[PDB]
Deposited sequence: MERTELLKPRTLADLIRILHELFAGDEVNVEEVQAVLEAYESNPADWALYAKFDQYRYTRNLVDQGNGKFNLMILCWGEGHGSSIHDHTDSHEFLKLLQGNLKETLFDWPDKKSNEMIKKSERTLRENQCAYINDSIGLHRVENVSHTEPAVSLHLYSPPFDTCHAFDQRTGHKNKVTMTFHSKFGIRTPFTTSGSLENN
């Protein structure tokens, strides 16, 4: 388990780690990579209206690695992770992560577990056993850029209505893949 000097090195180290996964080790190497905008500028493609997903690597099928670009005030739904893992690392700016419990079957306001602000180079980890979350760039002045690793890869998740706990299936949309607009 070595310090990744560049994004390219990080990806190689991740391929080795996923050749079989140890969550703590993945989190450790992600934290250890020091964000360098020169490494990831190609993928940092923004949209005026919502956050974007920019695929970086497909993990020899073991994981999806993508960079998400968040305009001021852009946020996600409250969502799950489709029986998979999500690791997220801040590359620039700040994101607020709000944790929620899984809702009961009754319609009810959703129950907010905790919140934290993630800052540059910090990470977070979530899975369905931990709960649900919402990720948002609450800044009025600064975009955020984050690095997200999903394993196994998945295309869809559920968004939850905070007022009721009811969920709707949604399909991930890609803004770009391998630097190319899609």
Q | Ranges of the deposited sequence (numbered from 1) for which no C-alpha atom is modelled | A | 1-5, 26-27, 190-200
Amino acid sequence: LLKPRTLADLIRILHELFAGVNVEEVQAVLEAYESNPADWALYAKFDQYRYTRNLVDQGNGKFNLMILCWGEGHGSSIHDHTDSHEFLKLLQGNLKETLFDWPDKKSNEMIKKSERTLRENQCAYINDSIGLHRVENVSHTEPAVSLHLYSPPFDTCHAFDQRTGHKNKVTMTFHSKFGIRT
From here on, numbers count along this sequence of modelled residues.
Q. Per the PDB record, is the mean Cα temperature factor higher over 29-37 or over 66-74?
A. 29-37
Q. Which is higher in the entry, the mean Cα B factor of 76-84 or that of 100-108?
A. 100-108
Q. Which has the highest CA B-factor per the PDB entry: 151, 60, 137, 52?
A. 60
Q) Which of these, 47, 142, 128, 155, has its C-alpha atom at the highest B-factor, as the entry lists it? A) 155
